[PDB]
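Note sheet for the following structure.
Below, read A as the first sequence line, B as the second, and so on, with proteins coming before strands; counting in each chain starts at 1. All heavy atoms count here, side chains included; hydrogens, waters and symmetry mates do not.
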There are 2 protein chains.
Amino acid sequence: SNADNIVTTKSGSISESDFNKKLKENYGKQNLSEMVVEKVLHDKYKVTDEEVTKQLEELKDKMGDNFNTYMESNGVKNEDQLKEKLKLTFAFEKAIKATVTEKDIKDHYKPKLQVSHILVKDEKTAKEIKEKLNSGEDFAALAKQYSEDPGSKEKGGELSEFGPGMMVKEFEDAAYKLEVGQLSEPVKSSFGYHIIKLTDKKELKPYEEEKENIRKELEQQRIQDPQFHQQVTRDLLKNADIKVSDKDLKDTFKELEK
Amino acid sequence: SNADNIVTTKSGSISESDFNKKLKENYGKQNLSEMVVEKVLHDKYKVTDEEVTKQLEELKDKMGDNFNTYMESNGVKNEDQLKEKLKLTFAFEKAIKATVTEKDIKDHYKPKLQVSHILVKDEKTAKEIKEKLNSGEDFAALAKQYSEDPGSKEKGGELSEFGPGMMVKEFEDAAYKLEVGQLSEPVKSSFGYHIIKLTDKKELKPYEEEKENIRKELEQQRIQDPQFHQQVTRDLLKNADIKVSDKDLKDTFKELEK
């Protein structure tokens with residue numbers, strides 16, 4: 001019964017009752033949180049047995065003899081339990097992929113830009129250089145004279161072609177406001193102050209032939225960002241209309257406010 | 001009853017039965033381990049209410065208004081619960097202090113040594129210097145000529161007086177084998193190769209007037225070393241003659257083997 005010991009020691013025994021009460025007091029909330037999140041992910045994003053058995057076989061071949069040792073190091077004791085971990089992980093990813101909207105994909109359908117840039121440490125030098133450019137001095141020559149970027153000062157300030165999300169927002173936004181041959185205003189970044197010149201604006205395949213690739217890149221970009229793992233968790237729980245009836249676990253979703 | 005919900009969501013409800021079963025499966029062992037360790041520490045090393053109430057008041061004054069906010073950030077909701085944390089921490093320290101034996105205190109009752117040293121990068125240069133010393137060349141002069149130690153090459157290789165446990169074992173052991181005026185053999189350390197000369201061997205107060213200080217230093221030295229927190233935990237559990245009767249929690253003290 002509840003008053004019967006579950007362990008004996010030379011320091012005394014512990015009843016199943018005291019054990020169960022202590023357990024709910026120190027893990028009740030963490031366990032309810034996990035349980036509800038797992039119940040919502042399997043509800044909103046179903047994963048099939050094929051997608052999980054497949055991922056498992058690809059892990060068995062890679063692990064080999066080191067598999068039976070790895071499975072026991074994750075609170076898992078059966079292959080059915082490891083599938084549950086793999087399945088929960090795959091549902092979580094489907095949840096993140098679902099946060100990618102048309103607008104997010106359109107904001108990234110922009111042509112790759114071929115630009116040159118001059119990097120100086122202070123804003124004073126940047127305005128001075130921007131004035132020599134207005135006077136008609138050669139951008140490639142000024143980049144050889146003042147740029148601090150070792151990988152572009154010898155090559156007229158040329159940078160490898162780039163596209164959306166590949167550069168710092170301040171640098172990117174300034175570059176897409178330019179027309180071929182136009183110069184930017186001094187742009188501040190962590191390395192100092194930049195002057196951007198657009199030399200070429202690469203062609204762009206139709207939208208309907210790029211949305212697939214754009215979507216996959218955003219999807220993978222969010223899967224690595226743990227900022228989205230916290231965002232997706234938080235949103236699934238708020239949209240779950242959670243109501244705890246157990247008095248001891250009432251303030252489990254306490255910090256879900258935001 | 002057990003079939004009654006403890007939470008409702010738009011993704012479905014969870015019964016108290018499923019909740020309790022899932023809880024024991026994902027925290028049963030971690031909770032049993034903690035519970036037994038806490039039961040052994042309060043059994044072998046009693047802490048009084050004065051030692052805990054006192055430590056608490058010293059924490060209230062330091063925390064001030066930031067206290068009511070700190071207490072809620074440690075899974076604690078009452079002052080009686082915070083005392084339990086403080087008490088467990090004080091019992092754990094008493095456990096570590098108890099690992100200090102007479103032999104450990106005697107091995108540290110040694111006189112402080114005043115030595116000079118020459119530091120070179122290779123063993124070849126060390127033997128060459130050790131030979132110039134045998135020939136009768138001045139140690140202070142050779143330290144000015146070859147030592148790599150910026151803080152002692154200009155001062156004849158002099159080092160501040162030191163005692164047991166303050167230096168690397170290889171350096172310390174070599175220094176206590178010397179008599180005033182004797183030179184060591186080349187000693188290897190992380191910085192290279194050393195040649196030690198003992199210039200003075202400071203006086204030492206009687207053993208009975210030093211064991212108190214020696215004991216306190218070893219006690220505090222082990223309280224910071226987490227190598228002892230794992231050692232004391234492991235030993236208290238092995239000396240507890242633990243026997244788990246619950247089948248689901250049988251392999252909780254599985255990895256206690258050593």
Tell me every residue that passes salt bridge (charged side-chain N to carboxylate O under 4.0 Å, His left out) with A:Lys211, counting only those two or more places apart in sequence or in another chain. A:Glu208

Among residues at least two apart in sequence or on other chains, which ones pass ring-ring contact (aromatic ring centres under 6.0 Å, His included) with B:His229? B:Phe92

Could you list the residues that satisfy ring-ring contact (aromatic ring centres under 6.0 Å, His included) with B:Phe171, not counting sequence neighbours? B:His194

Using ring-ring contact (aromatic ring centres under 6.0 Å, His included) as the criterion, list what pairs up with A:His108, not counting sequence neighbours. none

Quick check: does any side chain N or O of B:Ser116 sit under 3.5 Å from a backbone N or O of B:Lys197, one acting as donor and the other as acceptor? no

To the closest 0.5 Å, what do you measure between CG (B:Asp225) and CD (B:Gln231)? 8.5 Å

Partner set under salt bridge (charged side-chain N to carboxylate O under 4.0 Å, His left out) for A:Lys127, not counting sequence neighbours: A:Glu123

With a cut-off of 3.5 Å and sequence neighbours excluded, list every side-chain donor-acceptor pair involving residues 59-71 of chain A.
{"unit_1": "A:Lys60", "atom_1": "NZ", "unit_2": "A:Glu79", "atom_2": "OE1", "d": "2.8"}
{"unit_1": "A:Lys60", "atom_1": "NZ", "unit_2": "A:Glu79", "atom_2": "OE2", "d": "2.9"}
{"unit_1": "A:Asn66", "atom_1": "OD1", "unit_2": "A:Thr69", "atom_2": "OG1", "d": "2.7"}
{"unit_1": "A:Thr69", "atom_1": "OG1", "unit_2": "A:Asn66", "atom_2": "O", "d": "2.7"}

Who pairs with A:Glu128 by side-chain contact (heavy atoms from CB on, under 4.5 Å), at least two apart in sequence or on another chain? A:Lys124

How would you list, by chain and number, every residue that makes a salt bridge (charged side-chain N to carboxylate O under 4.0 Å, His left out) with A:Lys202, sequence neighbours excluded? A:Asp200

Provide the full list of ring-ring contact (aromatic ring centres under 6.0 Å, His included) pairs with a residue in residues 198-220 of chain A, sequence neighbours left out, each pair given once. A:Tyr109-A:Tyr207

Side-chain (B:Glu57) to main-chain (B:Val52) donor-acceptor, under 3.5 angstrom: no

Is there any side-chain hydrogen bond (donor to acceptor under 3.5 Å, both in side chains) pair reaching into residues 43-56 of chain A, and which pairs are they, with sequence neighbours excluded? A:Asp43-B:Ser11

More than 12 foreign heavy atoms under 6.0 Å from CD of B:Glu72: is that the case here? yes

Nearest heavy-atom approach of B:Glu161 to B:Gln114 is N-OE1, 3.7 Å

Just verifying a value: how many Å separate A:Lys169 NZ and A:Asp173 CG, rounded to the nearest 0.5 Å? 4.0 Å

With sequence neighbours excluded, tell me which residues meet salt bridge (charged side-chain N to carboxylate O under 4.0 Å, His left out) with A:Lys254. none

List for me each residue that meets side-chain contact (heavy atoms from CB on, under 4.5 Å) alongside B:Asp138, sequence neighbours excluded, and say none if there are none. B:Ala140, B:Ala141

Give a yes or no answer on whether the side chain of A:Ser33 reaches the backbone of A:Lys29 with a donor-acceptor pair at less than 3.5 Å. no

For A:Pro206, does its backbone N or O pair with a side-chain atom of A:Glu209 as donor and acceptor, under 3.5 Å? no

Hey, could you give me the NZ/CD distance between A:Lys97 and A:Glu219, rounded to the nearest 0.5 Å? 5.5 Å

Distance, nearest 0.5 Å, that separates NZ of A:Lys243 from OG1 of B:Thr9: 12.5 Å

Tell me whether A:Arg222 is salt-bridged to A:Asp104, with the criterion being a basic N under 4.0 Å from an acidic carboxylate O. yes

